[PDB]
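Peer 1: My questions will all concern the structure given below.
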Amino acid sequence: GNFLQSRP
Amino acid sequence: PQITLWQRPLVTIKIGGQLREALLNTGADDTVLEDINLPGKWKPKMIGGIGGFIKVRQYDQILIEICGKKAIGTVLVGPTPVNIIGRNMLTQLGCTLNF
Amino acid sequence: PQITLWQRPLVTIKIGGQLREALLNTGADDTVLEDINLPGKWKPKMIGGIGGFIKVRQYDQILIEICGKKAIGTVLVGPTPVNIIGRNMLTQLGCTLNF
């Protein structure tokens, strides 16, 4: 339940 | 509203006539939803997180109503375990972190 | 401090003598760091997110210092793309979402 989100 | 972080920061969103719940996510650049069906044209884009990368559908200029306050912007549609409201929408809600 | 969200919310943290940067992540249940090294025993544990699961090390009762405010608790160590301060630590910094 750890929703990091980046766009690379 | 102010909100503590003792429970997951879930909010009610209305997007394209559909009611969903999503996590207010300061750890996310973008807004991502799974259980949703938006109409029209989109460009593929790849986004990544803690466990790697997913391909999603990039919809532009979408209207969301999040806690009954409105924003427009990029919404992404794809296999994300939980719907997330990212910073592109959060800055529109004048949303801040306070400690 | 109050923080806006036009920039990724990165803070400087001191953990085990090591200085690092980490994202304040309301969309995270736990605290996860990559480039750190902790002493002592740990339990194996698995967490997930966008893209599925990473296998991590669970260290208990770890002191962390963020913005020079102290907190103690579970810190996870594993292959996360960027360092993340999760809600188990943020509640302790009395950190709130305002919108």
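Each chain in the structure tokens gets a letter, A, B and so on, in the order shown; residues start at 1 in every chain, and ligands are counted from 1 in the order they appear.
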Hey, could you lay chain B over chain C with a least-squares C-alpha fit (all atoms, paired in order) and save it as a JSON list (two decimals) with C-alpha atoms, in the first residue's frame?
Peer 2:
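Contents of result-v2.json, freshly written:
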```json
[["chain", "number", "residue", "atom", "x", "y", "z"],
["B", 1, "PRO", "CA", 5.79, 24.43, 7.82],
["B", 2, "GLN", "CA", 2.96, 24.66, 5.30],
["B", 3, "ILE", "CA", 3.86, 23.51, 1.82],
["B", 4, "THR", "CA", 2.28, 23.75, -1.63],
["B", 5, "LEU", "CA", 2.26, 20.89, -4.09],
["B", 6, "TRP", "CA", 3.59, 22.73, -7.11],
["B", 7, "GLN", "CA", 6.92, 20.93, -6.75],
["B", 8, "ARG", "CA", 7.64, 17.44, -5.38],
["B", 9, "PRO", "CA", 7.38, 17.66, -1.54],
["B", 10, "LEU", "CA", 10.99, 16.67, -0.81],
["B", 11, "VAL", "CA", 12.45, 16.90, 2.70],
["B", 12, "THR", "CA", 15.84, 16.40, 4.33],
["B", 13, "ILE", "CA", 16.02, 13.39, 6.66],
["B", 14, "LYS", "CA", 18.72, 12.27, 9.07],
["B", 15, "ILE", "CA", 18.63, 8.51, 9.68],
["B", 16, "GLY", "CA", 21.45, 6.53, 11.31],
["B", 17, "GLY", "CA", 23.97, 9.35, 10.84],
["B", 18, "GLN", "CA", 23.09, 9.50, 7.13],
["B", 19, "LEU", "CA", 21.57, 12.48, 5.36],
["B", 20, "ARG", "CA", 19.09, 11.68, 2.61],
["B", 21, "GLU", "CA", 16.19, 13.25, 0.78],
["B", 22, "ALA", "CA", 12.71, 11.69, 0.81],
["B", 23, "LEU", "CA", 9.26, 12.41, -0.58],
["B", 24, "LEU", "CA", 6.45, 13.29, 1.86],
["B", 25, "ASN", "CA", 4.01, 10.74, 0.54],
["B", 26, "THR", "CA", 0.36, 10.71, 1.70],
["B", 27, "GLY", "CA", -0.15, 7.90, -0.85],
["B", 28, "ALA", "CA", 2.04, 5.54, 1.21],
["B", 29, "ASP", "CA", 1.27, 3.45, 4.29],
["B", 30, "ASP", "CA", 4.94, 2.91, 5.14],
["B", 31, "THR", "CA", 8.36, 4.62, 5.01],
["B", 32, "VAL", "CA", 10.75, 3.25, 2.35],
["B", 33, "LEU", "CA", 14.40, 4.03, 1.67],
["B", 34, "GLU", "CA", 16.89, 2.66, -0.90],
["B", 35, "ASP", "CA", 20.28, 4.28, -0.63],
["B", 36, "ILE", "CA", 20.58, 3.47, 3.05],
["B", 37, "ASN", "CA", 22.41, 1.11, 5.40],
["B", 38, "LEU", "CA", 20.84, 0.33, 8.79],
["B", 39, "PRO", "CA", 22.35, -2.08, 11.34],
["B", 40, "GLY", "CA", 20.83, -5.02, 13.24],
["B", 41, "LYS", "CA", 18.00, -7.57, 12.92],
["B", 42, "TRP", "CA", 15.09, -7.30, 10.46],
["B", 43, "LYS", "CA", 12.16, -9.37, 9.15],
["B", 44, "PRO", "CA", 11.44, -9.66, 5.40],
["B", 45, "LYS", "CA", 8.19, -8.14, 4.23],
["B", 46, "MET", "CA", 6.62, -7.65, 0.82],
["B", 47, "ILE", "CA", 5.18, -4.27, -0.17],
["B", 48, "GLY", "CA", 3.44, -3.16, -3.32],
["B", 49, "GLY", "CA", 2.70, -0.06, -5.36],
["B", 50, "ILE", "CA", 1.47, 1.15, -8.74],
["B", 51, "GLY", "CA", 3.86, -1.10, -10.69],
["B", 52, "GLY", "CA", 3.59, -4.16, -8.43],
["B", 53, "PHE", "CA", 5.58, -5.68, -5.58],
["B", 54, "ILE", "CA", 9.02, -5.51, -3.97],
["B", 55, "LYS", "CA", 10.62, -7.44, -1.12],
["B", 56, "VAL", "CA", 12.14, -5.12, 1.50],
["B", 57, "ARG", "CA", 13.93, -5.35, 4.86],
["B", 58, "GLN", "CA", 11.64, -4.39, 7.72],
["B", 59, "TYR", "CA", 13.49, -2.56, 10.50],
["B", 60, "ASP", "CA", 11.47, -1.71, 13.63],
["B", 61, "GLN", "CA", 11.78, 1.21, 16.05],
["B", 62, "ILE", "CA", 14.09, 3.38, 13.87],
["B", 63, "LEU", "CA", 14.78, 7.06, 14.61],
["B", 64, "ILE", "CA", 14.39, 9.56, 11.79],
["B", 65, "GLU", "CA", 14.90, 13.32, 11.96],
["B", 66, "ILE", "CA", 12.76, 14.78, 9.16],
["B", 67, "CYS", "CA", 13.03, 18.54, 8.80],
["B", 68, "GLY", "CA", 14.70, 18.47, 12.26],
["B", 69, "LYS", "CA", 11.58, 17.14, 13.98],
["B", 70, "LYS", "CA", 11.95, 13.55, 15.27],
["B", 71, "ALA", "CA", 9.95, 10.32, 14.87],
["B", 72, "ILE", "CA", 10.56, 6.64, 15.66],
["B", 73, "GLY", "CA", 8.93, 3.76, 13.78],
["B", 74, "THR", "CA", 9.15, 1.16, 11.05],
["B", 75, "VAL", "CA", 11.53, 2.00, 8.22],
["B", 76, "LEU", "CA", 11.72, -0.24, 5.14],
["B", 77, "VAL", "CA", 14.90, -0.78, 3.11],
["B", 78, "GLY", "CA", 14.73, -1.97, -0.50],
["B", 79, "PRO", "CA", 14.61, -1.24, -4.22],
["B", 80, "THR", "CA", 12.28, 1.77, -4.26],
["B", 81, "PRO", "CA", 12.91, 4.30, -7.07],
["B", 82, "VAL", "CA", 12.64, 7.24, -4.61],
["B", 83, "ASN", "CA", 12.82, 7.45, -0.79],
["B", 84, "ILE", "CA", 9.34, 8.01, 0.67],
["B", 85, "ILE", "CA", 8.08, 9.14, 4.06],
["B", 86, "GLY", "CA", 4.79, 7.32, 4.56],
["B", 87, "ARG", "CA", 1.91, 7.87, 6.94],
["B", 88, "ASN", "CA", 3.38, 5.87, 9.86],
["B", 89, "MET", "CA", 5.98, 8.61, 10.16],
["B", 90, "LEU", "CA", 3.79, 11.48, 8.91],
["B", 91, "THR", "CA", 1.20, 11.06, 11.66],
["B", 92, "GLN", "CA", 4.10, 11.37, 14.12],
["B", 93, "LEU", "CA", 5.00, 14.73, 12.65],
["B", 94, "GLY", "CA", 1.40, 15.87, 13.22],
["B", 95, "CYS", "CA", 1.31, 16.23, 9.44],
["B", 96, "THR", "CA", -2.00, 17.21, 7.75],
["B", 97, "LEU", "CA", -3.52, 17.76, 4.33],
["B", 98, "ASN", "CA", -5.33, 21.07, 3.87],
["B", 99, "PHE", "CA", -7.67, 22.10, 1.07]]
```
Peer 1: List every residue of stretch 51-96 of chain C that DSSP, applied to the backbone, labels as alpha helix (DSSP H), and write the result as a list in words.
Peer 2: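 Result set for stretch 51-96 of chain C (alpha helix (DSSP H)): residues 87, 88, 89 and 90 of chain C.
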Peer 1: Take the residues just selected and output them with N, CA and C atoms as a CSV table (one decimal), in the first residue's frame.
Peer 2:
```
chain,number,residue,atom,x,y,z
C,87,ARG,N,2.9,7.3,5.9
C,87,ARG,CA,2.0,7.9,6.9
C,87,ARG,C,2.3,7.4,8.3
C,88,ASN,N,3.0,6.3,8.5
C,88,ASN,CA,3.4,5.9,9.8
C,88,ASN,C,4.3,6.8,10.5
C,89,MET,N,5.1,7.6,9.7
C,89,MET,CA,5.9,8.6,10.2
C,89,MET,C,5.3,10.0,10.1
C,90,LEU,N,4.5,10.3,9.1
C,90,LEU,CA,3.8,11.6,8.9
C,90,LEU,C,2.8,11.9,10.0
```
Peer 1: For a quick test of understanding: name the residues of chain A lying within 6 Å of chain B when counting only C-alpha atoms, and present them as number ranges by chain.
Peer 2: A: 4-7
Peer 1: Which residues in chain B does DSSP call strand (DSSP E or B)? List them as a count of residues only.
Peer 2: 55
